[PDB]
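In what follows, a structure is listed as structure tokens, so that the remarks can point back to it.
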Amino acid sequence: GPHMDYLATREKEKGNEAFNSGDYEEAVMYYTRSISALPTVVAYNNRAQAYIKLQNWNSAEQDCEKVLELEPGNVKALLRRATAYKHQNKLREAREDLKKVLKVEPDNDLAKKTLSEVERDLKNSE
């Protein structure tokens, strides 16, 4: 119906109640209701972040790709897409994504500390 934004933030707040409590699988479905009412960078990026703790890397990339269509350059989405790639053995794409973070935010520990593991894992991936 109308006012789909009003529940798209409130269902996300129920997801954040579950996420801080340690029910990430309950957080994913709460964010999925949210995106089907009003799709946001916030709900896609948080859905992908919950999937990382569920080991659902190939689901997590699909919501990260949607973030890059709204915010082309989003550091959180590139950090999470590169993390999903690292665990999918898609490191060949992750090296590039961590560089797209570090050009804007050279302070990102999660970017540079993962890059040092990606560069060696590529040299091992023969």
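Cβ: placed from backbone, ideal geometry, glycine included. Neighbour counts: every protein chain shown. Where a number appears in this text, it was derived from the coordinates with a stated rule and is not lab data.
From (1) among the polar types (S, T, N, Q); (2) closer than 30 Å to residue 3 by Cβ; (3) crowded, with 20+ Cβ neighbours inside 10 Å, pick out the condition that doesn't hold for residue 36.
In the conditions (1) among the polar types (S, T, N, Q); (2) closer than 30 Å to residue 3 by Cβ; (3) crowded, with 20+ Cβ neighbours inside 10 Å, residue 36 misses (3) alone.
Tally up the residues in region 11-35 that are within 13 Å of residue 51 (Cβ to Cβ) and part of a loop (DSSP other than H, G, I, E, B), please.
Going through region 11-35 one residue at a time, the tally reaches 0.
Restricted to region 39-76, and to residues that are polar (S, T, N, Q) and closer than 18 Å to residue 88 by Cα, which residue is surrounded by the most Cβ atoms within 10 Å (Cβ to Cβ)? Walk me through how you get there before you give the answer.
Taking region 39-76 first, the residues polar (S, T, N, Q) are 40, 45-46, 49, 55-56, 58-59, 62, 74.
Subset that is closer than 18 Å to residue 88 by Cα: 49, 55-56, 58-59, 62.
Details: 49: 22, 55: 11, 56: 20, 58: 13, 59: 17, 62: 15.
The extreme case among them is 49.
How do the pairs read when you match residues in region 88-107 that are free of Cβ contacts under 8 Å to residues at least 40 places away in the same chain and at positive phi with residues anywhere that are surrounded by fewer than 14 Cβ atoms within 10 Å (Cβ to Cβ) and in a loop (DSSP other than H, G, I, E, B), using Cβ under 6 Å and keeping only pairs 6 or more apart or on different chains?
none
Note down all Cβ pairs under 7 Å where the first residue falls in region 20-32 and is in contact (Cβ under 8 Å) with a residue 12 or more places away in the chain, the second is charged (D, E, K, R) and assigned to a helix (DSSP H, G or I), and they're at least six residues apart or on different chains.
Partner pairs satisfying both residue conditions: 24/53; 28/47; 30/11; 30/12; 30/14; 31/12; 31/47; 32/47.
Under 7 Å between Cβ atoms, which residue pairs at least 6 apart in sequence (or on different chains) link something in region 61-83 that is under 21 Å from residue 116 (Cβ atoms) and in contact (Cβ under 8 Å) with a residue 60 or more places away in the chain with a partner that is surrounded by fewer than 24 Cβ atoms within 10 Å (Cβ to Cβ) and polar (S, T, N, Q)?
From region 61-83, no pairs qualify.
Would a scan of region 44-56 turn up a residue that is over 24 Å from residue 16 (Cβ atoms) and either free of Cβ contacts under 8 Å to residues at least 12 places away in the same chain or β-branched (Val, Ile, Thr) (or both)?
Within region 44-56 (the criterion being over 24 Å from residue 16 (Cβ atoms) and either free of Cβ contacts under 8 Å to residues at least 12 places away in the same chain or β-branched (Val, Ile, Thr) (or both)), the answer is no, since none of the residues qualifies.
Inspect all residues belonging to region 92-112 and state whether any of them is in contact with a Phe, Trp or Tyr (Cβ under 7 Å, 6 or more places away or on another chain) and β-branched (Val, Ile, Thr).
No, region 92-112 has no match at all.
If you scan region 20-33, which residues turn out to be under 24 Å from residue 86 (Cβ atoms), among the aromatic types (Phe, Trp, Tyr) and either touching a strand residue (DSSP E or B) at 6+ places or on another chain (Cβ under 8 Å) or crowded, with 20+ Cβ neighbours inside 10 Å (or both)?
If the condition is that a residue be under 24 Å from residue 86 (Cβ atoms), among the aromatic types (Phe, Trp, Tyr) and either touching a strand residue (DSSP E or B) at 6+ places or on another chain (Cβ under 8 Å) or crowded, with 20+ Cβ neighbours inside 10 Å (or both), then 31 is the only one that fits.
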